[PDB]
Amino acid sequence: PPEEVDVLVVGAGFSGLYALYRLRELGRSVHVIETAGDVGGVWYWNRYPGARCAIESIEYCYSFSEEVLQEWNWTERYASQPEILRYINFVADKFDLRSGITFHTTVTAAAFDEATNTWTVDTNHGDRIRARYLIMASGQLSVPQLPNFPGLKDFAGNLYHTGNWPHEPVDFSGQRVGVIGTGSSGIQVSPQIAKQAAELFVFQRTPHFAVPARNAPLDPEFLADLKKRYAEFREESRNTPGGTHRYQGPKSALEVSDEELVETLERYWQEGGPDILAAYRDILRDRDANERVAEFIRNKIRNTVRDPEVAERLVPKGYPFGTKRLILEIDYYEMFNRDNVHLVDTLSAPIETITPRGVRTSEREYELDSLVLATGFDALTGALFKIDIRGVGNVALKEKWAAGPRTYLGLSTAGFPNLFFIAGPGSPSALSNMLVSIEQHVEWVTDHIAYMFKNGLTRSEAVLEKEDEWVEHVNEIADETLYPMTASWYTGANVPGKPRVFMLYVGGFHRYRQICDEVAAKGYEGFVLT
């Protein structure tokens, strides 16, 4: 890795690879540092069986390259992780991206030097790079989180986390296997494992809402047709709250009769996918509205499993539909109908400790040959906090953000000039199709950088007052929805001791992009440039 560079980029997943590509195109020196052996980010790390995207392949893809759009052939309604990894390798090879990337290398600290207006960045290999701009493309869901209980290191069997899955197939044949966590990771990994294991124990805490994916082959007519209008189709997706073609249902879940509700929701349930989140305009705004939808979903869940005792344990309760990430399930509910699959309800009987033989609840011991941790991620701030980042006056990012992330547009933080966060806290981030949130942040940041070199500036900084205004705005629009009142990773609720604040912008990607454009249009209002 070079000793000096215009822009250093941390992370080689979607965000990082695009930042590299566009920056070269703008004629800036740029280099990328990445912990992993190769490119991919989440689709490199998350190789557990059943790993699949929950945005339709034709939406969840880059649009910066008409060539890539014309050449790539997706195959399924929802792409499996290995296909998305092939796609990302395709794009990397096409634009020759690896010559710009150092792999196997973890950034450990970065400190801003006020005299030079530059960042000096250090790695666990002892490299030191001096860069004018520092782009953290280091992910949202990139640091695995272990669950909160002892005896983990004592377990005699094999121990896995889904976000750090082995690079070659793991064989569960004839095993007694435990999965802890039933987020989308656990929901995807579990039916795969149940095919091999002599017995599978699924350790559920709060149940998550899941609806049928109804995956299907992609019609190759449809692909070829779509391509003729691809750039147009994408543009429609950029002009939405969600970054996809999801239908924005006009009515209120409350204005309709029961019969019309069932019938409309029945159509979504048969169709499959996440679009039901926008069946009515107020599902995420009004608790009575939300509840009518949630109830319809709970009953479909009940009717999915024959033992009604086991079915009632699968019904999510205590939090509004859609306020933890919606999950797309494939034969997950069906799975509890098998002899060798066991739902362990750890709300009724909490896990007390892992033992050398298995798992202890307050009710009994569970002997196991392997334990799979589907326990999620220290989300949104996790990766940043693992790095000793220091701004003006030696302030640690970790400390300034200790009560929750403070940003302007989520893009930068006051006190830390020349530093940009891709698709993180204070922006749409994971509340969209992330390829659309990711391209828009990469273009805005890399445009900002180009504008800086153009007009002769060397220092970009969020104005503290606008940040404070932005933080309060994010919180106040979040408080008009039901989002903040549920314990989700959006809220930091899954890391012990982490401050409970809703971390994402909820006003929709479209409106967020309009605001960013007005900002850059006025020469970057809310930034101070010198």
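The first residue of the shown sequence is 1; numbering continues from there.
K.L.:
Taking only the CA atoms, which stretch has the higher mean B-factor in the record, 178 to 186 or 293 to 301?
P.N.:
Result of the comparison: 293 to 301.
K.L.:
Can you let me know which of the two, 50 to 58 or 481 to 489, has the higher average C-alpha B-factor in the entry?
P.N.:
On average, C-alpha B-factors are higher across 481 to 489.
K.L.:
From 312, 439, 331, 275, which pick has the Cα B-factor that tops the rest in the entry?
P.N.:
Each of 312, 439, 331, 275 was compared by C-alpha B-factor; the highest is 312.
K.L.:
Using the temperature factors in the entry, find which of 443, 83, 114, 232 has the highest value at its Cα atom.
P.N.:
Across 443, 83, 114, 232, the entry lists the biggest C-alpha B-factor for 114.
K.L.:
Could you say whether, by C-alpha temperature factor, residue 27 belongs to the lowest, middle or highest third of its chain?
P.N.:
It falls in the top third of the chain.
K.L.:
Compared with the other modelled residues in the chain, in which third is the CA B-factor of residue 378?
P.N.:
Lowest third - that is where residue 378 ends up once the chain's C-alpha B-factors are sorted.
K.L.:
Considering every modelled residue of the chain and its Cα B-factor in the PDB entry, is residue 256 in the lowest, middle or highest third?
P.N.:
Top third by C-alpha B-factor.
K.L.:
Is residue 161 in the lowest, middle or highest third of its chain when residues are ranked by C-alpha B-factor?
P.N.:
Within its chain, residue 161 is a lowest-third residue by C-alpha B-factor, going by the deposited values.
K.L.:
C-alpha B factor of residue 76, ranked within the chain: lowest, middle or highest third?
P.N.:
Lowest third.
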